[PDB]
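# Architecture and fold: a report
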Amino acid sequence: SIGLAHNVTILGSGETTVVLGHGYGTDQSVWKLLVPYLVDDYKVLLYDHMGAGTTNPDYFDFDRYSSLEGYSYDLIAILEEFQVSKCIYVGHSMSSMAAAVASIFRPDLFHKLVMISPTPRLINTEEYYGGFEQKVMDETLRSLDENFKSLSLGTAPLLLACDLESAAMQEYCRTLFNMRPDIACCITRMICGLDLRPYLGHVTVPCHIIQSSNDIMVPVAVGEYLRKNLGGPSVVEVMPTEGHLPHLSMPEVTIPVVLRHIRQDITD
């Protein structure tokens, strides 16, 4: 079963299903503080994307997961297996973009997308600022495999905007280093090379874009870029948070914002 392969869990009850999709380096446990505020009002489906440390390495196809589309098509299959349609999809960066692509092919499966720290592309061009320069990225990725742990540990405090000794950091590193090393490196290279800009004008489901005010992975202007380039309606809310995973590191601020966007539609 694809649901079993993705450790799908179902909780709550209701006519509307919320689907929670964790981002890079985490698993569905990242949602543990949000779930209590959903369980009374919604059915909730949680899953781990393929290659998370909780998943079977034998199911990781290095060809399919070298681009984001494979994750999009897996998500469709998960939703179909559990008879989910018109869901409220809540995702962190990588996952929210995979759902956006999925929604082009199956808009019937999505009522809206709630996106925490999304970006369609990290690498700068002459006309687009994603935060990272190609030639520096090239140097860093050349020695990624032998340096995965040291580079990840070295950058995580700025990535998360948390101290190395903090509880949020310990939680992130626990799941990050649970991935098998070759799988982690494949997913990392996939993320660093993504360019989903060609898809944006064909996304038409409503998108709720939730960003930290200071996120080393997401220049603040990327949210407005998404609003201007998505094909349907969207709302952009920059939060008084720092870090790329504000749902993990600053839940006291982030959870009420996520809940508002789950509960309140921007279309009729």
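Residues numbered from 1 in each chain as written, not as in the entry; some residues may be left out. Heavy atoms only, no water.

X-ray crystallography is the method the PDB entry states for this structure, with the resolution given as 1.45 Å.

Note the following rule: UniProt positions are given in the numbering used here, feature names are shortened, and annotations may be inferred rather than shown by experiment.
By the naming in the PDB entry, the protein goes by Hyposensitive to light 7 and is assigned to Striga hermonthica. Per the PDB header, the title for this entry is "Hybrid designing of potent inhibitors of Striga strigolactone receptor ShHTL7". Comment text from UniProt for the protein, heading Sequence similarities (unreviewed entry), reads "Belongs to the AB hydrolase superfamily."

### Quick notes on the packing of helix α5 (residues 144–160) against helix α7 (residues 181–193)
Rules: Throughout, an axis means a line fitted to C-alpha atoms (over the contacting stretch in the case of helices), and angles, computed between N-to-C directions, take values from 0 to 180 degrees. In this text, helices come from DSSP runs of H or I with a minimum length of four residues, and strands from runs of E with a minimum of two, each type numbered from the N-terminal end. In these notes the angle categories are as follows: under 35 degrees is roughly parallel, over 145 is roughly antiparallel, 65 to 115 is roughly perpendicular, and the rest is oblique. Pairs of residues are marked as contacts when any of their non-hydrogen atoms sit within 4.5 Å. Following the grouping adopted for this structure description, the nonpolar residues are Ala, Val, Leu, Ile, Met, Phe, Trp, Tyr, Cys and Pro, the charged ones are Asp, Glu, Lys and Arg, and the polar ones are all others, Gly among them.
Here α5 crosses α7 at 90 degrees, and the two axes come no closer than 10 Å. When the axes of α5 and α7 are compared, the pair comes out roughly perpendicular. The segment α5 lies against α7, with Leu144, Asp145 and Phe148 engaging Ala184, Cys185, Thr188 and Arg189. Classifying every residue of the contact of α5 with α7 gives four nonpolar, one polar and two charged.

### Brief notes about the sheet that holds strand β6 (residues 207–214)
Put simply, the test is: In this scheme, strands are said to pair when DSSP sees at least two bridges between them.
Taking strand neighbours across the sheet as the criterion, the seven strands line up as β1-β3-β2-β4-β5-β6-β7 in an open arrangement whose pairing is mixed. The strands lining the two open edges of the sheet, one partner per strand, are β1 (9–12) and β7 (234–242). Strand-to-strand, the axes of this sheet are offset by a mean angle of 20 degrees, without reference to chain direction. Across four bridges, the pairing between strand β5 (residues 110–116) and β6 is parallel. Note that in β6 the partner of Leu113 across the bridge is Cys207. Helix α2 (residues 69–81) rests against β2 (17–21), β3 (43–47), β4 (87–92) and β5 of the sheet, and its axis sits at about 140 degrees to β3. Packing against the sheet, helix α8 (residues 221–229) makes contact with β6 and β7, and its axis sits at approximately 160 degrees to β6.

### A short note on the packing of aromatic side chains
Keep this limit in mind: Between 30 and 60 degrees the pair is tilted, below 30 it is stacked and above 60 it is edge-to-face, where a pair is any two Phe, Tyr or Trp rings, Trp via its six-membered ring, whose centres lie within 6.5 Å. Residue burial is assigned from relative accessible area. The probe radius is 1.4 Å, only protein chains are included, and a residue is buried under 20% of its type maximum, exposed over 50%, and partly exposed in between. Only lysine NZ and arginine CZ atoms are considered, and such an atom sits over a ring when it is within 6 Å of the ring centre and within 35 degrees of the ring normal.
Per the counting criterion, the structure on display carries seven aromatic pairs. For the ring pair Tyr65 and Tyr71, a centre distance of 4.6 Å and an interplane angle of 35 degrees mean the geometry is tilted. Comparing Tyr65 with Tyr71, the two get one shared label, buried. Through successive ring pairs, a cluster of aromatic residues spans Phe60, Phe62, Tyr65 and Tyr71. Taking NZ or CZ as reference, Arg197 lies 4.9 Å from the ring centre of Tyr128, over its face.

### Some remarks on α8
Operational definition: The directions considered for the arc are those from the helix axis to the C-beta atoms.
For α8, the complete set of buried residues consists of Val222, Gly223 and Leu226. Projected down its long axis, α8 carries its buried residues within an arc of 105 degrees, all on one side. For α8, the exposed residues set more than 90 degrees away from the buried face come down to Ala221 and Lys228. Buried residues in α8 make contact with β6 and β7.

### A word on the pattern of salt bridges
Put simply, the rule is: By definition, a salt bridge exists where a carboxyl oxygen of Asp or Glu is found within 4 Å of a side-chain nitrogen of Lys or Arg.
Under the counting rule described, the total for this entry stands at twelve salt bridges. Two residues, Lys32 and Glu171, come together in a salt bridge whose shortest N-O distance is 3.9 Å. Linking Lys32 in the loop between β2 and β3 with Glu171 in helix α6 (residues 167–176), this pair joins segments that are 139 residues apart in sequence. Sharing partners across several salt bridges, the network here consists of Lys32, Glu171 and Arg174.

### Remarks on unusual backbone geometry
Although it is not a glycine, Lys86 adopts a positive phi angle of roughly 45 degrees. Position of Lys86 relative to the elements: it lies in the loop between α2 and β4. One non-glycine residue with positive phi stands out, namely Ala161, at about 55 degrees. Taking the relative accessible area as the measure of exposure, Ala161 reaches 36% and is therefore partly exposed.

### Details of the side chain of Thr119
As a reminder of what qualifies: N or O atoms within 3.5 Å of each other form a polar contact, as long as, within protein, one can give a hydrogen and the other can take it, and as long as residues adjacent in sequence are counted only when both atoms are side-chain atoms.
When you line up the elements, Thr119 lands in the loop between β5 and α4 (134–142). Accessibility expressed as a relative area gives 10% for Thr119, which makes it buried. Engagement of the side chain of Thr119 in a polar contact is seen with the backbone oxygen of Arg121, the distance being 3.1 Å. Discounting chain neighbours no more than four positions away, the residues touching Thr119 are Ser93, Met97, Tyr128, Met217, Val218 and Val222.

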